[PDB]
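Visitor: Shown below is the structure under consideration.
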Amino acid sequence: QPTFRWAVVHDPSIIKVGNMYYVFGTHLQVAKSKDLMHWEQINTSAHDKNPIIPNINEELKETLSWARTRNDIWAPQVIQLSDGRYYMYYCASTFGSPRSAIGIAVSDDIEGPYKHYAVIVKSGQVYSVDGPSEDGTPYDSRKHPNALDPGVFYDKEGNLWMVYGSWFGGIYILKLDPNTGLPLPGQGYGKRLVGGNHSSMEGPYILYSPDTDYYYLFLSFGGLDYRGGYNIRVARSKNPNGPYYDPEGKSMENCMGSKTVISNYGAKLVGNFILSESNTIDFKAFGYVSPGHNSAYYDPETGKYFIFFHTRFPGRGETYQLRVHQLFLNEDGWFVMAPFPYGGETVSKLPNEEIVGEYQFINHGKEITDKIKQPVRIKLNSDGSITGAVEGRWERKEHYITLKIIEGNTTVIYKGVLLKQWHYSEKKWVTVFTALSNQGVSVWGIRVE
Ligand SMILES: [Ca+2]
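Quick note on numbering: the sequence shown equals residues 3 to 451 in mature numbering (1 follows the signal peptide of the UniProt record, and there is no 0).
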């Protein structure tokens with residue numbers, strides 16, 4: 003019964019306005035929805051006649067001039083501040099460069115037109131012409147962030163923050179004045195949360211959970227392209243400005259260096275996969291390549307959580323869509339992602355008869371890889387045993403599942419949730435599980451019915 007119509011929105015940032023969900027993305031790709039499943043595209047590029055920011059080159063002359071670019075802005079996020087106006091935080095840049103700026107535009111109406119408000123953070127200063135970086139020292143792209151990818155959020159106390167960054171100096175957070183949206187004076191680039199020295203991370207987003215009273219920091223590791231191994235990582239903190247820690251207890255301030263090294267940190271939520279045993283490219287089969295650059299939302303009306311992200315697809319190169327999935331909290335207060343896109347599903351306790359059976363099983367691992375992971379077959383048996391491709395034991399308590407799986411010479415415990423979801427490709431309701439270990443590895447199970 004559920005149906006879908008996606009949008010084409012790269013780097014999507016969610017905002018709810020009235021009964022309508024909007025996503026704002028790179029190139030001023032904008033779309034909206036009442037149900038999270040059918041999306042109406044309202045803008046597709048930052049051309050001179052777009053209605054979101056008309057005549058953008060003149061309107062945002064300050065940031066675009068800085069970035070030496072035209073007809074484009076990257077990773078915009080709109081947030082409603084206390085005056086009721088809509089503030090679009092965005093960045094201007096060029097591919098591969100740290101010559102970037104974070105700006106703010108403002109509108110009275112969600113769909114615009116937005117006008118210039120402020121220029122707030124700059125990177126890529128060339129000392130002989132521009133002078134120092136924001137911290138008063140010469141810009142050094144190993145230490146200083148790239149002024150990209152703003153993630154703005156209120157904390158539980160009403161303070162306003164912006165987490166930001168992409169590669170280069172890492173991921174930083176600035177405290178903002180709730181009344182103006184501007185960074186409070188005297189912070190330079192702010193506090194470093196993750197990364198440094200050109201570590202492959204970007205798109206930071208922070209979400210508060212009332213259900214656990216933690217803040218969750220979402221990052222994308224790797225490259226966004228087909229061969230980049232883009233993957234979504236999660237850490238959490240009792241404080242909006244950290245330190246953030248992963249499920250193993252590692253501090254994300256220590257996450258920096260090579261791809262192999264940074265891969266050791268964070269809960270990896272999803273990487274590349276396809277639900278085909280046949281082949282790694284199978285256009286009938288559900289699968290993603292380079293899912294990332296996400297935002298997230300908590301809906302107080304229902305208590306559900308959602309992740310908004312773009313992704314590419316097996317065998318389809320750089321083509322991408324918006325996708326929306328539900329997130330759940332496991333018994334340890336960590337997020338686990340629903341295998342399939344959101345079709346209206348609400349978790350509840352399943353009886354045993356709906357749990358027992360053969361599953362396709364995907365282990366997403368811990369690495370940053372472009373490998374398209376495929377499933378193996380396992381069975382969850384009535385006696386609590388796991389058999390097939392892996393051995394172990396499973397148990398459940400309400401909708402919380404625990405899987406204890408033998409991996410080499412050790413048992414790894416995965417904790418997650420069980421529910422019924424809409425099988426996106428098979429078009430039927432099926433049992434699924436999604437679970438996470440303390441080493442930050444996600445597993446998905448999709449019941450063969
Ligand atoms: Ca973002």
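We put the beta carbon where it would ideally sit given N, CA and C, even for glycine.
In angstroms with no decimal places, state the Cα-to-Cα distance between residue 313 and residue 322.
Guide: 5 Å
Visitor: Just tell me which of 416, 309 and 63 has its CA closest to the CA of residue 332.
Guide: 416
Visitor: Nearer than 7 Å: is that true of the beta carbon of residue 174 relative to any heavy atom of ligand 1?
Guide: no
Visitor: Excluding sequence positions up to five away, which residues of its chain have a Cβ less than 6 Å from the Cβ of residue 9?
Guide: Within the same chain, and ignoring the five residues on either side of residue 9 in sequence, the residues whose Cβ sits closer than 6 Å to its Cβ are 33, 41, 43 and 324.
Visitor: Out of 173, 140, 136 and 192, state which residue places its alpha-carbon closest to the alpha-carbon of residue 130.
Guide: Ranking the options by Cα distance to residue 130, first place goes to 140.
Visitor: Buried or exposed: residue 263, going by 16 or more other Cβ atoms within 10 Å of its Cβ?
Guide: exposed
Visitor: Since residue 118 sits in a beta bridge, which residues does DSSP pair it with?
Guide: Per DSSP, 107.
Visitor: Would you say the beta carbon of residue 171 comes nearer than 7 Å to a heavy atom of ligand 1?
Guide: no
Visitor: Is the segment 53 to 67 in contact with the segment 101 to 119, if contact means three or more CB pairs nearer than 8 Å?
Guide: yes
Visitor: Checking the sheet assignment: what are the DSSP bridge partners for residue 447?
Guide: 363 and 435
Visitor: I need the straight-line Cα distance from residue 278 to residue 232, nearest angstrom please.
Guide: If you take the alpha carbons of residue 278 and residue 232, they lie about 20 Å apart.
Visitor: Let me check understanding here. Comparing Cα to Cα, which of 340, 350, 125 and 268 lies closest to residue 445?
Guide: 340
Visitor: Which residues in the same chain as residue 392 place their Cβ atom closer than 8 Å to its Cβ, once the five residues preceding and following it in sequence are excluded?
Guide: Take residue 392, set aside five residues on each side of it, and the residues of its chain with a beta-carbon closer than 8 Å to its own are 363, 378, 380, 407, 408 and 409, in chain order.
Visitor: Please return the same chain residues whose Cβ sits closer than 8 Å to the Cβ of residue 144, not counting the five positions on each side in sequence.
Guide: 170, 171, 198, 199 and 200
Visitor: With DSSP run on the structure shown, which of helix, strand or coil describes residue 286?
Guide: coil
Visitor: With C-beta atoms as the reference, is residue 447 less than 8 Å away from residue 307?
Guide: Their beta carbons are not under 8 Å apart, which means residue 447 does not touch residue 307 by this criterion.
Visitor: If you draw a straight line from the alpha carbon of residue 284 to that of residue 317, how long is it in whole angstroms?
Guide: 8 Å
Visitor: Looking at residue 150: is its Cβ nearer than 8 Å to the Cβ of residue 135?
Guide: Contact: no.
Visitor: Opposite residue 409 in the DSSP bridges: which residues?
Guide: 412
Visitor: Per DSSP, what are the beta-bridge partners of residue 388 in this structure?
Guide: 382 and 394
Visitor: Nearest to residue 60 by CA position, among 116, 35, 79 and 46, is which residue?
Guide: 116
Visitor: Go ahead and pull the three-state DSSP assignment for residue 255.
Guide: Residue 255 falls in the helix class under three-state DSSP.
Visitor: Who are the Cβ neighbours of residue 273 in its own chain at under 6 Å, not counting the five residues just before and after it?
Guide: 233 and 366
Visitor: Which residue marks the beginning of the alpha helix (DSSP H) containing residue 130, and which one marks its end?
Guide: 129 to 132
Visitor: Is the beta carbon of residue 76 sitting closer than 8 Å to the one on residue 28?
Guide: yes
Visitor: Judging by CA-CA distance, which residue of 48, 327 and 221 is the nearest neighbour of residue 346?
Guide: 327
Visitor: Ligand 1 and residue 227: does any heavy atom of the ligand fall closer than 7 Å to the residue's C-beta?
Guide: No, the beta carbon of residue 227 sits no closer than 7 Å to any heavy atom of ligand 1.
Visitor: Assign residue 425 to one of three DSSP states: helix, strand, or coil.
Guide: coil
Visitor: Report the option in 210, 411, 12 and 245 whose CA atom is closest to the CA atom of residue 159.
Guide: Of the candidates 210, 411, 12 and 245, the one whose C-alpha sits nearest the C-alpha of residue 159 is 210.
Visitor: My guess is that residue 418 and residue 436 are in contact by the Cβ rule of under 8 Å, so how many angstroms apart are they, rounded?
Guide: 5 Å
Visitor: Below 7 Å, is the gap between the Cβ of residue 205 and the nearest heavy atom of ligand 1?
Guide: The answer is yes for residue 205.
Visitor: I need the boundaries of the alpha helix (DSSP H) containing residue 358, first residue and last residue.
Guide: First-last for residue 358: undefined, no H or E at that position.
Visitor: Please classify residue 133: is it buried, with 16 or more other beta-carbons within 10 angstroms of its beta-carbon, or exposed?
Guide: exposed
Visitor: What is the residue span of the alpha helix (DSSP H) that residue 261 lies within?
Guide: 261 to 264
Visitor: Just grab the DSSP bridge partners of residue 204 for me.
Guide: 168 and 222
Visitor: Please report the residue range of the alpha helix (DSSP H) in which residue 42 lies.
Guide: Segment 42 to 45 is the beta strand (DSSP E) holding residue 42; no alpha helix (DSSP H) there.
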